[PDB]
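Novice: Pasting in a structure now, in structure tokens, and then I'll have a few things to ask.
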Amino acid sequence: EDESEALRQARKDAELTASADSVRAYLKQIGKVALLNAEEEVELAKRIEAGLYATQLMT
DNA sequence: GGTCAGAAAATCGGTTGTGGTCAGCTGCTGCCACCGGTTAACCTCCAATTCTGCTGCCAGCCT
């Protein structure tokens with residue numbers, strides 16, 4: 001019953017905590033988003049350039 | 001053996017004359033102090049006691 005069940009319960013209980021230090025709170029806040037790779041960075045950059053040209057052209 | 005023009009003193013003050021003298025910028029010119037931008041192998045989660053009041057918590061009569 002220790003196969004991520006009680007671990008999940010303690011994970012949600014730790015997620016609903018306070019964590020009264022600001023550095024620890026910022027690290028816990030930034031730990032949620034997952035990492036990337038080269039093709040994902042390429043497609044994000046292409047979307048950035050397309051959106052920037054779209055708003056420039058529309059203005 | 002006496003009255004009137006001239007000469008000779010500082011004195012208060014205007015001229016004046018130039019002889020520097022100091023500053024007042026004035027470029028200006030070099031420079032130097034300061035602000036802003038840029039760098040493309042990869043490597044992605046911290047360093048004692050004493051007293052009073054308040055709040056959170058669990059059994060437990062009452063509905």
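Within each chain, counting starts at residue 1; across the structure tokens, chains are named A, B, ... in the order shown, with ligands numbered 1 upward in that order.
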Find the residues of chain B in contact range of chain A, meaning any atom within 10 Å when counting only C-alpha atoms (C1' of nucleotides), and list them as a PDB file with N, CA and C atoms (P, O5', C5', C4', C3', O3' and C1' of nucleotides), in the first residue's frame.

Specialist:
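Listing of iface-v8.pdb after writing:
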```pdb
ATOM      1  P    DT B  44      22.488  21.048 -16.115  1.00  0.00           P
ATOM      2  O5'  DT B  44      21.768  21.901 -14.970  1.00  0.00           O
ATOM      3  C5'  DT B  44      21.299  23.208 -15.255  1.00  0.00           C
ATOM      4  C4'  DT B  44      20.063  23.532 -14.438  1.00  0.00           C
ATOM      5  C3'  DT B  44      19.216  22.337 -14.054  1.00  0.00           C
ATOM      6  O3'  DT B  44      18.398  22.673 -12.940  1.00  0.00           O
ATOM      7  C1'  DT B  44      18.095  23.596 -15.701  1.00  0.00           C
ATOM      8  P    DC B  45      18.831  22.261 -11.447  1.00  0.00           P
ATOM      9  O5'  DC B  45      18.267  23.456 -10.546  1.00  0.00           O
ATOM     10  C5'  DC B  45      18.581  23.512  -9.160  1.00  0.00           C
ATOM     11  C4'  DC B  45      17.438  24.133  -8.374  1.00  0.00           C
ATOM     12  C3'  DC B  45      17.282  23.599  -6.960  1.00  0.00           C
ATOM     13  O3'  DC B  45      17.905  24.493  -6.056  1.00  0.00           O
ATOM     14  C1'  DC B  45      15.181  23.511  -8.142  1.00  0.00           C
ATOM     15  P    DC B  46      19.029  23.976  -5.035  1.00  0.00           P
ATOM     16  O5'  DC B  46      19.985  25.249  -4.859  1.00  0.00           O
ATOM     17  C5'  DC B  46      20.738  25.421  -3.668  1.00  0.00           C
ATOM     18  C4'  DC B  46      20.171  26.556  -2.836  1.00  0.00           C
ATOM     19  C3'  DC B  46      20.893  26.822  -1.527  1.00  0.00           C
ATOM     20  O3'  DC B  46      22.002  27.700  -1.749  1.00  0.00           O
ATOM     21  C1'  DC B  46      18.497  26.975  -1.290  1.00  0.00           C
TER      22       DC B  46
END
```

Novice: Apply DSSP to the structure's backbone, then extract all residues of chain A labelled alpha helix (DSSP H) and return them as JSON, numbers by chain.

Specialist: {"A": [5, 6, 7, 8, 9, 10, 11, 12, 13, 14, 15, 22, 23, 24, 25, 26, 27, 28, 29, 30, 38, 39, 40, 41, 42, 43, 44, 45, 46, 47, 48, 49, 50, 51, 52, 53, 54, 55, 56, 57, 58]}

Novice: Using the selection just defined, write its residues with N, CA and C atoms as a compact mmCIF listing (two decimals), in the first residue's frame.

Specialist:
```txt
# COMPACT_ATOMS: atom_id res chain seq x y z
N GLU A 5 0.51 5.42 -2.93
CA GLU A 5 -0.78 5.75 -2.34
C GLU A 5 -0.61 6.66 -1.12
N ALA A 6 0.07 6.15 -0.09
CA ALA A 6 0.42 6.99 1.05
C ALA A 6 1.40 8.09 0.65
N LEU A 7 2.26 7.81 -0.33
CA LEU A 7 3.13 8.84 -0.88
C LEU A 7 2.33 9.94 -1.56
N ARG A 8 1.25 9.58 -2.26
CA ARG A 8 0.40 10.59 -2.88
C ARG A 8 -0.37 11.39 -1.84
N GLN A 9 -0.83 10.72 -0.78
CA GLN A 9 -1.53 11.41 0.30
C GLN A 9 -0.62 12.40 1.01
N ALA A 10 0.61 11.98 1.32
CA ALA A 10 1.57 12.89 1.94
C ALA A 10 2.03 13.96 0.96
N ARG A 11 2.01 13.68 -0.34
CA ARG A 11 2.36 14.69 -1.34
C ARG A 11 1.31 15.79 -1.40
N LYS A 12 0.03 15.42 -1.36
CA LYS A 12 -1.03 16.43 -1.34
C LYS A 12 -1.03 17.21 -0.02
N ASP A 13 -0.76 16.51 1.09
CA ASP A 13 -0.67 17.19 2.38
C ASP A 13 0.51 18.14 2.45
N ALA A 14 1.63 17.80 1.80
CA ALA A 14 2.75 18.72 1.71
C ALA A 14 2.48 19.84 0.73
N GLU A 15 1.66 19.59 -0.29
CA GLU A 15 1.32 20.63 -1.25
C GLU A 15 0.40 21.68 -0.64
N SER A 22 10.52 32.57 1.99
CA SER A 22 10.19 33.05 0.65
C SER A 22 11.04 32.37 -0.41
N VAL A 23 12.30 32.06 -0.09
CA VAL A 23 13.16 31.34 -1.03
C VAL A 23 12.62 29.94 -1.28
N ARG A 24 12.21 29.25 -0.21
CA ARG A 24 11.65 27.91 -0.34
C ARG A 24 10.32 27.94 -1.09
N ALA A 25 9.52 28.98 -0.86
CA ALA A 25 8.26 29.13 -1.58
C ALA A 25 8.49 29.37 -3.06
N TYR A 26 9.50 30.16 -3.41
CA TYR A 26 9.78 30.40 -4.82
C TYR A 26 10.33 29.16 -5.51
N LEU A 27 11.17 28.39 -4.81
CA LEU A 27 11.69 27.16 -5.40
C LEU A 27 10.58 26.13 -5.60
N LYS A 28 9.67 26.01 -4.63
CA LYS A 28 8.53 25.12 -4.78
C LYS A 28 7.59 25.59 -5.87
N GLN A 29 7.48 26.90 -6.08
CA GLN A 29 6.64 27.42 -7.14
C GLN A 29 7.24 27.14 -8.52
N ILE A 30 8.55 27.29 -8.66
CA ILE A 30 9.18 27.07 -9.97
C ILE A 30 9.45 25.61 -10.26
N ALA A 38 15.34 20.78 -27.70
CA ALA A 38 15.73 21.69 -28.77
C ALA A 38 14.59 21.96 -29.74
N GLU A 39 13.84 20.93 -30.12
CA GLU A 39 12.74 21.12 -31.06
C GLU A 39 11.61 21.91 -30.43
N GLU A 40 11.36 21.69 -29.13
CA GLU A 40 10.36 22.48 -28.42
C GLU A 40 10.77 23.94 -28.33
N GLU A 41 12.06 24.21 -28.10
CA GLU A 41 12.53 25.59 -28.09
C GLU A 41 12.43 26.22 -29.48
N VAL A 42 12.66 25.43 -30.53
CA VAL A 42 12.55 25.93 -31.90
C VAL A 42 11.11 26.32 -32.21
N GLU A 43 10.15 25.46 -31.85
CA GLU A 43 8.76 25.77 -32.17
C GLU A 43 8.22 26.91 -31.31
N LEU A 44 8.67 27.03 -30.05
CA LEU A 44 8.28 28.18 -29.24
C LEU A 44 8.84 29.48 -29.82
N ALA A 45 10.08 29.45 -30.31
CA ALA A 45 10.66 30.64 -30.92
C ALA A 45 9.94 31.02 -32.21
N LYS A 46 9.55 30.02 -33.01
CA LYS A 46 8.81 30.29 -34.23
C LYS A 46 7.44 30.89 -33.94
N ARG A 47 6.78 30.41 -32.89
CA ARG A 47 5.50 31.00 -32.50
C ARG A 47 5.67 32.42 -31.99
N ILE A 48 6.77 32.69 -31.27
CA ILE A 48 7.05 34.04 -30.78
C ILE A 48 7.24 35.01 -31.94
N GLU A 49 8.03 34.60 -32.93
CA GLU A 49 8.28 35.47 -34.08
C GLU A 49 7.02 35.68 -34.92
N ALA A 50 6.22 34.62 -35.08
CA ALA A 50 4.97 34.75 -35.82
C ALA A 50 3.99 35.68 -35.12
N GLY A 51 3.87 35.56 -33.80
CA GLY A 51 2.97 36.43 -33.06
C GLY A 51 3.42 37.88 -33.04
N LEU A 52 4.74 38.10 -32.94
CA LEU A 52 5.27 39.45 -32.97
C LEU A 52 5.05 40.11 -34.32
N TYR A 53 5.26 39.37 -35.41
CA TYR A 53 4.98 39.93 -36.73
C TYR A 53 3.49 40.15 -36.94
N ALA A 54 2.65 39.28 -36.36
CA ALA A 54 1.21 39.44 -36.49
C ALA A 54 0.72 40.70 -35.80
N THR A 55 1.19 40.96 -34.57
CA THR A 55 0.73 42.17 -33.89
C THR A 55 1.34 43.43 -34.50
N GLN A 56 2.58 43.35 -35.02
CA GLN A 56 3.17 44.49 -35.71
C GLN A 56 2.39 44.82 -36.98
N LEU A 57 2.04 43.79 -37.76
CA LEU A 57 1.30 43.98 -38.99
C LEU A 57 -0.11 44.50 -38.72
N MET A 58 -0.77 43.98 -37.68
CA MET A 58 -2.12 44.43 -37.38
C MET A 58 -2.14 45.86 -36.86
```
